[PDB]
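Colleague: One file is attached below, query.pdb, containing PDB, C-alpha atoms (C1' of nucleotides).
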```pdb
MODEL        1
ATOM      1  CA  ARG A  69       0.000   0.000   0.000
ATOM      2  CA  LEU A  70       3.056   2.273   0.239
ATOM      3  CA  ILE A  71       4.804   1.052  -2.921
ATOM      4  CA  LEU A  72       1.571   1.627  -4.900
ATOM      5  CA  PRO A  73      -0.320   4.401  -3.091
ATOM      6  CA  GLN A  74      -2.531   5.071  -6.119
ATOM      7  CA  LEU A  75      -4.324   1.722  -5.682
ATOM      8  CA  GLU A  76      -5.203   2.326  -2.022
ATOM      9  CA  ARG A  77      -8.949   2.161  -1.351
ATOM     10  CA  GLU A  78      -9.311   1.400   2.374
ATOM     11  CA  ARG A  79      -7.875   4.770   3.387
ATOM     12  CA  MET A  80      -9.995   7.819   2.650
ATOM     13  CA  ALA A  81      -8.673  10.960   0.985
ATOM     14  CA  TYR A  82      -5.951  12.693   2.974
ATOM     15  CA  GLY A  83      -7.308  16.105   2.033
ATOM     16  CA  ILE A  84      -3.771  17.511   1.742
ATOM     17  CA  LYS A  85      -1.831  18.205  -1.460
ATOM     18  CA  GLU A  86       1.274  20.264  -2.260
ATOM     19  CA  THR A  87      -0.133  23.568  -0.979
ATOM     20  CA  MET A  88      -1.657  22.316   2.279
ATOM     21  CA  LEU A  89       1.431  20.197   2.943
ATOM     22  CA  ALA A  90       3.656  23.237   2.425
ATOM     23  CA  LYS A  91       1.535  25.286   4.823
ATOM     24  CA  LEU A  92       1.627  22.512   7.430
ATOM     25  CA  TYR A  93       5.404  22.163   7.085
ATOM     26  CA  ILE A  94       5.788  25.915   7.565
ATOM     27  CA  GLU A  95       3.583  25.801  10.663
ATOM     28  CA  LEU A  96       5.118  22.748  12.342
ATOM     29  CA  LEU A  97       8.780  23.501  11.613
ATOM     30  CA  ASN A  98       8.208  27.085  12.838
ATOM     31  CA  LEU A  99       9.770  28.563   9.722
ATOM     32  CA  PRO A 100       9.415  32.307   9.062
ATOM     33  CA  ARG A 101       6.300  33.081   7.049
ATOM     34  CA  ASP A 102       8.112  35.498   4.710
ATOM     35  CA  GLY A 103      11.460  33.693   4.679
ATOM     36  CA  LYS A 104      13.173  32.132   1.694
ATOM     37  CA  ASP A 105      12.282  28.546   2.625
ATOM     38  CA  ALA A 106       8.565  29.246   3.060
ATOM     39  CA  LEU A 107       8.382  31.090  -0.261
ATOM     40  CA  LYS A 108      10.258  28.272  -1.994
ATOM     41  CA  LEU A 109       7.893  25.644  -0.592
ATOM     42  CA  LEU A 110       4.742  27.617  -1.423
ATOM     43  CA  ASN A 111       5.889  28.655  -4.917
ATOM     44  CA  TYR A 112       7.768  25.444  -5.621
ATOM     45  CA  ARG A 113       7.289  25.679  -9.401
ATOM     46  CA  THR A 114       8.968  29.055  -9.930
ATOM     47  CA  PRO A 115      12.595  28.352 -10.931
ATOM     48  CA  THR A 116      13.808  31.560  -9.286
ATOM     49  CA  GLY A 117      15.747  29.407  -6.827
ATOM     50  CA  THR A 118      18.031  28.140  -9.614
ATOM     51  CA  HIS A 119      19.016  25.242  -7.325
ATOM     52  CA  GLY A 120      17.827  21.672  -6.972
ATOM     53  CA  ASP A 121      14.647  21.074  -8.961
ATOM     54  CA  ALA A 122      12.095  23.657 -10.076
ATOM     55  CA  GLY A 123       9.202  21.206 -10.445
ATOM     56  CA  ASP A 124       9.631  18.561  -7.739
ATOM     57  CA  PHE A 125       8.090  19.376  -4.363
ATOM     58  CA  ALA A 126       9.557  16.298  -2.675
ATOM     59  CA  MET A 127      13.123  17.319  -3.534
ATOM     60  CA  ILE A 128      12.547  20.889  -2.343
ATOM     61  CA  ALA A 129      11.145  19.600   0.947
ATOM     62  CA  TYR A 130      14.107  17.227   1.234
ATOM     63  CA  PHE A 131      16.576  20.080   0.791
ATOM     64  CA  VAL A 132      14.699  22.170   3.361
ATOM     65  CA  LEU A 133      14.634  19.310   5.882
ATOM     66  CA  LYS A 134      18.243  18.187   5.360
ATOM     67  CA  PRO A 135      19.753  20.550   7.990
ATOM     68  CA  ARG A 136      16.778  20.192  10.386
ATOM     69  CA  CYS A 137      16.356  16.396  10.561
ATOM     70  CA  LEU A 138      18.158  13.477  12.163
TER
ATOM     71  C1'  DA B   1     -18.821  85.533  90.803
ATOM     72  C1'  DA B   2     -15.139  82.114  88.898
ATOM     73  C1'  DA B   3     -13.684  77.403  87.420
ATOM     74  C1'  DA B   4     -14.543  72.511  85.691
ATOM     75  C1'  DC B   5     -17.263  69.234  82.997
ATOM     76  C1'  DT B   6     -20.048  68.215  79.001
ATOM     77  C1'  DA B   7     -23.002  68.970  74.355
ATOM     78  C1'  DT B   8     -23.176  70.166  69.597
ATOM     79  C1'  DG B   9     -21.383  71.877  65.214
ATOM     80  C1'  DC B  10     -17.814  71.784  61.949
ATOM     81  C1'  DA B  11     -13.294  70.748  59.796
ATOM     82  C1'  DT B  12     -10.402  66.899  58.359
ATOM     83  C1'  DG B  13      -8.685  62.490  56.490
ATOM     84  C1'  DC B  14      -9.493  57.999  54.734
ATOM     85  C1'  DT B  15     -12.409  54.349  52.676
ATOM     86  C1'  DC B  16     -15.944  52.667  49.725
ATOM     87  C1'  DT B  17     -19.363  52.627  45.729
ATOM     88  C1'  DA B  18     -21.411  54.511  40.512
ATOM     89  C1'  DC B  19     -20.265  56.460  35.839
ATOM     90  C1'  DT B  20     -17.487  57.647  31.582
ATOM     91  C1'  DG B  21     -13.792  56.605  28.333
ATOM     92  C1'  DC B  22      -9.854  53.593  26.246
ATOM     93  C1'  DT B  23      -8.074  48.895  25.037
ATOM     94  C1'  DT B  24      -8.538  44.062  24.029
ATOM     95  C1'  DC B  25     -11.090  39.661  23.178
ATOM     96  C1'  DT B  26     -14.763  37.069  21.005
ATOM     97  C1'  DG B  27     -18.396  36.174  17.600
ATOM     98  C1'  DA B  28     -20.338  36.674  13.130
ATOM     99  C1'  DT B  29     -19.956  37.562   8.272
ATOM    100  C1'  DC B  30     -17.945  37.707   3.697
ATOM    101  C1'  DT B  31     -14.428  36.530   0.238
ATOM    102  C1'  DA B  32     -10.813  33.783  -1.706
ATOM    103  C1'  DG B  33      -8.707  29.437  -2.366
ATOM    104  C1'  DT B  34      -7.923  24.006  -2.138
ATOM    105  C1'  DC B  35      -9.133  19.135  -2.887
ATOM    106  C1'  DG B  36     -11.859  14.597  -4.650
ATOM    107  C1'  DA B  37     -13.523  12.616  -8.222
ATOM    108  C1'  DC B  38     -15.779  12.398 -12.484
ATOM    109  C1'  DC B  39     -15.602  13.418 -17.421
TER
ENDMDL
END
```
Show this structure as structure tokens.
Modeller:
Amino acid sequence: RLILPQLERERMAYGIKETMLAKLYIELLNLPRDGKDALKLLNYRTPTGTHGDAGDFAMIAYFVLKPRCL
DNA sequence: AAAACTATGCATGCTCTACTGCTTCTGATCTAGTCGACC
């Protein structure tokens, strides 16, 4: 059910996608609302960062969490 | 006729109880946006 999440039917809809997940990450990690990391997570498609990937939200979150995680 | 004791009025401070104005918290409303799933 984790290798093929698209075929899951027992679990209901999470109700969270890229935007809500970004907001929740900003809230829980206590990141600044107007800081660079929050703006990168919210507007994760704008390539203004010029680093990592400009379309992948998972990679951006990974880069953000790298210095803050065990 | 002179001196001592007492009554009543008034000043004085402190303490306590209503009324007006400023600041903050909550509720209610509207507007904008996100997500599930279909096609």
Colleague: On this file, the PyMOL selection byres ((chain A and resi 93-101) around 12) gives some set of residues; write that set as a PyMOL selection string.
Modeller: chain A and resi 84-92+102-110+128-130+132-133+135-137
Colleague: Can you tell me how far CA of residue 126 (chain A) sits from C1' of residue 35 (chain B), in Å to one decimal?
Modeller: 18.9 Å
Colleague: Taking all atoms listed in the file into account, find every residue of chain B that has an atom no more than 12 Å from chain A, and write it out as a ChimeraX atom specification.
Modeller: /B:33-37
Colleague: What separation in Å, quoted to one decimal, exists between CA of residue 119 (chain A) and CA of residue 134 (chain A)?
Modeller: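 Between CA of residue 119 (chain A) and CA of residue 134 (chain A) the gap is 14.5 Å.
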Colleague: In Å, how far is it from CA of residue 114 (chain A) to CA of residue 131 (chain A)?
Modeller: 15.9 Å
Colleague: Could you tell me which residues the PyMOL selection byres ((chain A and resi 123) around 8) grabs in this file, written as a list in words?
Modeller: residues 112, 113, 114, 115, 121, 122, 124 and 125 of chain A
Colleague: Report as AutoDock Vina command-line options the centre and the edge lengths, in Å to one decimal, of the axis-aligned box holding every listed atom of region 20-34 of chain B, padded by 3 Å on each side.
Modeller:
```
--center_x -14.1 --center_y 40.8 --center_z 14.6 --size_x 18.4 --size_y 39.6 --size_z 39.9
```
